*Asks:* 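Below you will find the structure I want to go over with you.
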Amino acid sequence: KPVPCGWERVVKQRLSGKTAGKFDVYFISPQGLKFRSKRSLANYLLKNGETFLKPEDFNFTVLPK
DNA sequence: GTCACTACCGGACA
DNA sequence: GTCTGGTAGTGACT
């Protein structure tokens with residue numbers, strides 16, 4: 001839940017230059033897409049935030065041999 | 001206006 | 001992938 005299923009969140013802290021100490025946070029989607037901002041992720045979620053399930057996504061069988 | 005702070009995004013790197 | 005700086009937006013205010 002806190003990080004949506006299959007997504008990854010990265011937090012990093014800058015160590016040098018004028019912005020030393022500032023944090024950067026970005027997310028990686030289940031497909032490997034990297035979002036460095038809430039704006040860009042929000043825009044993407046408009047059309048691509050839905051996930052769907054089919055019966056074929058669930059394997060009810062045990063293989064032989 | 002300044003100031004402090006947040007947020008987005010491009011680009012340098014070899 | 002790693003790493004940040006420039007720009008812009010918000011809002012309180014001696």
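All chains are named by letter (A, B, ...) in the order of the sequence lines, taking the proteins before the strands, and each is independently numbered beginning at 1.
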*Asks:* What's the NZ-P distance between A:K22 and C:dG5, to the nearest Å?
*Replies:*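 About 12 Å, once rounded to whole Å.
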
*Asks:* What orientation do A:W7 and A:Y44 show, parallel under 30°, tilted 30 to 60°, or perpendicular over 60°?
*Replies:* perpendicular

*Asks:* Rounding to an integer number of Å, can you tell me how far A:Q13 CD sits from C:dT4 P?
*Replies:* 10 Å

*Asks:* Between atom CG in A:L15 and atom P in C:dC3, what is the gap in whole Å?
*Replies:*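 So the two atoms are 8 Å apart, to the nearest Å.
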
*Asks:* Can a salt bridge be assigned to the pair A:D24 and A:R36 using a cut-off of 4.0 Å between side-chain N and carboxylate O?
*Replies:* no

*Asks:* Distance check: side-chain N/O of A:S37 vs OP1/OP2 of B:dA7, anything under 4.0 Å?
*Replies:* no

*Asks:* Rounding to an integer number of Å, can you tell me how far A:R36 CZ sits from C:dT7 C1'?
*Replies:*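 My rounded result for the distance is 14 Å.
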
*Asks:* Between A:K12 (NZ) and C:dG1 (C1'), how many Å, whole number?
*Replies:* 10 Å

*Asks:* Applying a strict under-4.5 Å side-chain criterion to I, L, V, M, F, W and Y, I'd like to know whether A:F35 and A:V3 cluster together.
*Replies:*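 As far as the 4.5 Å side-chain criterion goes, A:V3 and A:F35 are connected within one cluster.
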
*Asks:* I want to verify a distance call: between B:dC9, C:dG5, C:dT2, whose nearest atom is closest to the A:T19 side chain?
*Replies:*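 The listed nucleotide nearest to A:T19's side chain is C:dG5.
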
*Asks:* Rounding to a whole Å, what distance do you find between A:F35:CZ and B:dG10:P?
*Replies:*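 Going from A:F35 (CZ) to B:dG10 (P), I get 14 Å.
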
*Asks:* Say whether A:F23 and A:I28 are linked into one hydrophobic cluster, either directly or through other cluster members, by side-chain heavy-atom distances under 4.5 angstrom.
*Replies:*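 Looking at the clustering, A:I28 is in a separate group from A:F23.
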
*Asks:* In whole angstrom, what separates A:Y44's OH from B:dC8's P?
*Replies:*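 The distance from OH of A:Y44 to P of B:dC8 comes to 18 Å, rounded to the nearest Å.
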
*Asks:* Of all heavy-atom pairs between A:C5 and A:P30, which one has the smallest distance, and what is that distance?
*Replies:* O-CG, 4.4 Å

*Asks:* Using whole Å, report how far NZ of A:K34 lies from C1' of C:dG1.
*Replies:*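 My rounded result for the distance is 8 Å.
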
*Asks:* Could you let me know what C:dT14 is paired to, Watson-Crick or G-U wobble, both distances under 3.5 Å, or none if it's on its own?
*Replies:*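 Matched C:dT14 with nothing under the 3.5 Å cut-off.
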
*Asks:* Name the residue closer to the 5' end of DNA chain C, choosing between A:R39 and A:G17 according to the nucleotide with the nearest heavy atom.
*Replies:*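 Residue closer to the 5' terminus by nearest nucleotide: A:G17.
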
*Asks:* Would you say A:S16 reaches C:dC3's phosphate, i.e. side-chain N/O to OP1/OP2 under 4.0 Å?
*Replies:* no

*Asks:* Would you mind pulling out the nucleotide paired to B:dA14, Watson-Crick or G-U wobble, both distances under 3.5 Å?
*Replies:* none

*Asks:* Verify the contact: side-chain N or O of A:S40 to OP1 or OP2 of B:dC9, cut-off strictly under 4.0 Å; return yes or no.
*Replies:*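 True: A:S40 side-chain N/O within range (under 4.0 Å) of B:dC9 OP1/OP2.
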
*Asks:* Do A:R14 and C:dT2 share a donor-acceptor pair, side chain to base, under 3.5 Å?
*Replies:* no

*Asks:* Counting just side-chain N and O atoms, does A:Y26 come under 4.0 Å of either OP1 or OP2 of C:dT2?
*Replies:*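 A:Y26 to C:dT2 OP1/OP2: side-chain N or O found under 4.0 Å.
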
